[PDB]
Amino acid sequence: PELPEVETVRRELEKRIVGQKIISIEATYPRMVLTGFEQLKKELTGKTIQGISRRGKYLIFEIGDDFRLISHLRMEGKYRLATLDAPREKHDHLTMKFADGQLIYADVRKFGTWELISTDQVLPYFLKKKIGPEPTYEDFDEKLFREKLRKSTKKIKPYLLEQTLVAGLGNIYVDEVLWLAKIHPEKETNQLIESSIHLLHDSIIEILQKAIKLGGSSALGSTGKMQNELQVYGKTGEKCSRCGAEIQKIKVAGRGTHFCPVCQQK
């Protein structure tokens, strides 16, 4: 999941589990609780969920007054809300049980993580990861963005994916963003001129805010509609510009990369 899907999950969770008391926590895969399942079980049991926030692709459960559970879904993490008597499915790893239902975390590839953090350690946690600004007009300052692009020789697609220029882009939306900004994924960022950087800046914000509006692309968050709006991701061999160009797929810095060669020249 990328920022839009996580934000969709956040919103659904906010509606359903805020105000609920955690009755018990169970794990068939405790190793995904990086700070220690035992400790997490002991601190959070009996606590009431006060809210859910998000930073980039990270979910943040606000539980009791002094704890935060930071959850990352990585590649295939999924939450679902189920009755207390729901059967176990094969890749369920964790469950937070309430009085009248449970929240189950599943992850086929086991990449997803949980970390229990002190409330005043949350801001330092994201500082250490060097996570960039949220993709909004208010937080995503184009001037700093521009200064960083100009000082670097990195290719624009893997640089954007670093989460440091701006938070929340993953493989789908960076491909959609570069298509929309008419920029080649392998463009060296110090070659970008001012007007391209401006278009790229706005496009990053516009695409992500749109995806959020449509509930993300495709359990919680499984009713998204952004996938219908995708212009290049996963559409190899299909048309992009009303002239005849087909979408090409190449490998860039280890990632499958979809682009329209005629519209996205260097």
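By rigid core we mean the largest C-alpha set that fits within 1.5 Å across both forms. Heads up: residue numbers just count along the shown sequence, starting at 1.
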In 5 other deposited structures of this protein, superposed by the rigid core, which stretch departs further from the shown form in CA positions, 233-241 or 220-228? 233-241
Check the entry and tell me how many residues of the deposited sequence have no coordinates between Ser218 and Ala219: none, 1 to 3, 4 to 9, or 10 or more. 4 to 9
On average, are the C-alpha B-factors higher in 108-116 or in 133-141? 133-141
Hey, which bit's got the bigger mean C-alpha B factor in the entry, 163-171 or 149-157? 149-157
Return the residue from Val122, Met75, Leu84, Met96 that has the highest Cα B-factor in the entry. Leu84
Going by what the PDB entry lists, where does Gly244 fall on CA B-factor within its chain: lowest, middle or highest third? highest
Lowest, middle or highest third of the chain for the C-alpha temperature factor of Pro261? highest
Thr236 by Cα B-factor - lowest, middle or highest third of the modelled chain: highest
Sort the modelled residues of this chain by their C-alpha B factor and say whether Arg11 lands in the lowest, middle or highest third. middle
Of the three thirds of the chain ranked by Cα temperature factor, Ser71 occupies the lowest
